[PDB]
Number of protein chains: 2
Amino acid sequence: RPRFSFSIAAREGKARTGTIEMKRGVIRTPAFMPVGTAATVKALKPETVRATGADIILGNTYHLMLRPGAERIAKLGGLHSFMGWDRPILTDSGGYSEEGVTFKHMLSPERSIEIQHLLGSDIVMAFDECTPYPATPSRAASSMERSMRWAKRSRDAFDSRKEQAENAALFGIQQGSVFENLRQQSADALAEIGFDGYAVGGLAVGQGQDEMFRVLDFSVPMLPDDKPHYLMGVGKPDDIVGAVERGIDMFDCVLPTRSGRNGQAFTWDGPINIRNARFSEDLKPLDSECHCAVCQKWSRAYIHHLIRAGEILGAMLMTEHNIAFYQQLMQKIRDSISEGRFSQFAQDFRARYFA
Amino acid sequence: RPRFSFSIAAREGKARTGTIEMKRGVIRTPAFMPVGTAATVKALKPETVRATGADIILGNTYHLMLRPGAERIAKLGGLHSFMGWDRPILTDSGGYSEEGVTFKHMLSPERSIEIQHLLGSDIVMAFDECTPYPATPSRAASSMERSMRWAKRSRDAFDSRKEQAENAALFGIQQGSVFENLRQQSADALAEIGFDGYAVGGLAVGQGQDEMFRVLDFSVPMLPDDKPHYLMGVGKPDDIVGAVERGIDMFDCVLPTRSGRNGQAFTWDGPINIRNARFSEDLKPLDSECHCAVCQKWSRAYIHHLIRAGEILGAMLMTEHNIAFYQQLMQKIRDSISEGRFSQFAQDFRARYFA
Ligand SMILES: Nc1nc2[nH]cnc2c(=O)[nH]1
Ligand SMILES: Nc1nc2[nH]cnc2c(=O)[nH]1
Ligand SMILES: [Zn+2]
Ligand SMILES: [Zn+2]
């Protein structure tokens, strides 16, 4: 199988659908990656993550390097073996002095790539220094500047590890805050280095949806058309639909998992908090149309009771439903783009979801 | 199918193995009932409970009557439907004035049986007033005395509800503390009323194993030989082996579940706390011989990490392993009795387990 083969099967406006072929399997795009914080996707066995339709999951470099440690995970066979997920895994770089960052532990592009190496990540993220939003132009470009030099440093460390280069992929991360000119300069630096894919960094904090989207309107066309576009740490179902509309191919977010445990469930008619007393005797499944295991078996009232009682089965069922919903959302986006009816889909989606 | 048909397939000394046939399925005896506190067996889907080998689970009257309430559960279709377990369910009576108990809510034999009725329990427990250990003879028999009058009251309320009597079973509960004479008098009162099965109450608090066992040595032969014998709230794997040796057929306990979440795992070479740093790099499954899903897939080191990190997947895996172990223990006891080699089994078991 290939190391990293991105093919675009269909397009509609700025949106694309297609595949990323890797040694450990294929990734259908647009793709949602469940976040497996601490070598587990909160409350789900990997078999269940797969059942919901996920093709790839995300692991965090910072978290695992501290616990149980990178070299330990390496000695026990690598992250795939350790947690029981044999499909691709993308690791963030740990990022979210010119030499790197010291913390109360040391991180730099070189250490970051060797740690992700030790973890056995399939998709590696370049080490970066996130540009806190907001702002200042000659500040954001300073921050952006180091990032770009760090991307070069990550590229070189990765390529030196030929085991890594032959079997894994390296993604660069675009910074610039909300400055069109800082974003552009980052786009050029990154494409000048050359990466397997390009991420849009810095948009996952503060910025309402309108700001985020306006920044995507000019950022994403700056990226090489022929490589995957990954929007880091986004988002809500309507954020995803809007970002795909602006050319994004990959997503991660803690939303479905975290807000699941908190009692929030995502539905086609919008999110609901299952703790609300209105669900006390509701026999309907969480969502009238979800094909998930949970909605085939349990009612809102049962899940209402488990969550209010702080029962772990509750968190389990809510998280499985929410990841299933996100995956179902990605499948509908994929199908509608391939079929050339994604703009209709986005419209219909918003009407209902916001209704 | 029958309402309640107990058959004894084989015996060895005081021990028996056989079946209890009920409308919703068959119960293999000696039987371990996972405790499904709050309409869930902590951290497990019912399908997983079934996978481990459980034939019946236990629900608590006191807990569910307060949340989400008995009449509500009745309106939503009954406990089986509500929680997604279609096999038998035994409900405790809520027990653990002459008219009943008031609490900061009202409970009496009549209310207890109607609540278990509303829940749709398969096996109903008579309402009792547990004889706190220790003791005083003319006190324990006072407490025992009310219990016996309450058992009569439970018998009558149950039989008046003909929907209940035609489809469910009623168990009486033997009290007496550690007094051989109070136990005997309770045995006679109960058998004079007549129940489908007989429980040994009051032995699940304080009493070390030796005391518990000496009390079983004279209590259990007092019970009708031809009905099931249920030891309430027991216990550790070695407690179960010892009680079966003294004629017990049914068990419940929070041990496998609760101590699972706390990081304790049961093995054939004894319990272990997976949090211990000695498991940090242990690639072995939790138990070298367990046939459970968990031990087929994950290592001690992975589960070590999840539990120390407070990850829900950890509690899930540990609870599934522990319930699987208990069920595997019951199967080995059943097979060895049928095969007439249970005393050898008990011996071999103790050597290893305590080794
Ligand atoms: N490494 C990294 N991770 C993120 N997660 C969300 N935003 C970012 C970012 O800009 N960089
Ligand atoms: N109802 C009841 N439940 C118990 N659980 C443990 N012991 C007892 C008992 O004596 N009565
Ligand atoms: Zn669902
Ligand atoms: Zn096991």
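Every residue, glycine among them, receives a Cβ derived from its backbone with ideal geometry; neighbour counts consider all protein chains shown. Each reported figure results from applying straightforward, stated rules to the coordinates on display, with no laboratory input.
When A:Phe251, A:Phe179, A:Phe213, A:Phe279 are checked against the criterion of being within 19 Å of the chain's Cα centre (by Cα), surrounded by 16 or more Cβ atoms within 10 Å (Cβ to Cβ) and farther than 22 Å from A:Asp122 by Cα, A:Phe213 stands alone in meeting it.
The residue of the stretch B:71-84 that is farthest from B:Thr40 (Cα to Cα), among those that are more than 8 Å from every other protein chain (Cβ to nearest Cβ) and assigned to a helix (DSSP H, G or I), is B:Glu71. Which condition number in (1) away from every other protein chain (no Cβ under 12 Å); (2) within 16 Å of ligand 4 (Cβ to nearest atom); (3) not polar (S, T, N, Q) is the one that A:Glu98 fails? Of the numbered conditions (1) away from every other protein chain (no Cβ under 12 Å); (2) within 16 Å of ligand 4 (Cβ to nearest atom); (3) not polar (S, T, N, Q), the odd one out for A:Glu98 is (2).
Looking only at residues in the stretch B:279-316 that are within 16 Å of A:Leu79 (Cα to Cα) and charged (D, E, K, R), the one that is nearest to ligand 3 (Cβ to nearest atom) is B:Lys297.
For the stretch B:4-20, the count of residues that are outside any strand (DSSP E or B) and under 18 Å from the mean Cα position of the chain (by Cα) is at least one.
Is it fair to say B:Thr267 is assigned to a helix (DSSP H, G or I), out of contact with any strand residue (DSSP E or B) (no Cβ under 6 Å at 6 or more places or on another chain) and under 17 Å from B:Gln328 (Cα atoms)? Considered against the rule, which asks whether it is assigned to a helix (DSSP H, G or I), out of contact with any strand residue (DSSP E or B) (no Cβ under 6 Å at 6 or more places or on another chain) and under 17 Å from B:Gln328 (Cα atoms), B:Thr267 comes out as no. Can you pull out the residues in the stretch A:302-320 that are surrounded by fewer than 22 Cβ atoms within 10 Å (Cβ to Cβ) and in contact with an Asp or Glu (Cβ under 8 Å, 6 or more places away or on another chain)? Of everything in the stretch A:302-320, nothing turns out to be surrounded by fewer than 22 Cβ atoms within 10 Å (Cβ to Cβ) and in contact with an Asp or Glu (Cβ under 8 Å, 6 or more places away or on another chain).
For the stretch B:336-354, the criterion of being closer than 30 Å to A:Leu313 by Cα, away from every other protein chain (no Cβ under 14 Å) and within 16 Å of ligand 4 (Cβ to nearest atom) is satisfied by no residue at all. Number of residues in the stretch A:33-70 that are farther than 20 Å from B:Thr319 by Cβ and within 11 Å of chain B (Cβ to nearest Cβ): the value is 8. Inspection of the stretch A:306-325 finds no residue satisfying the criterion of being within 14 Å of chain B (Cβ to nearest Cβ), hydrophobic (A, V, I, L, M, F, W, C), in contact with a strand residue (DSSP E or B) (Cβ under 6 Å, 6 or more places away or on another chain) and over 22 Å from A:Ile56 (Cα atoms).
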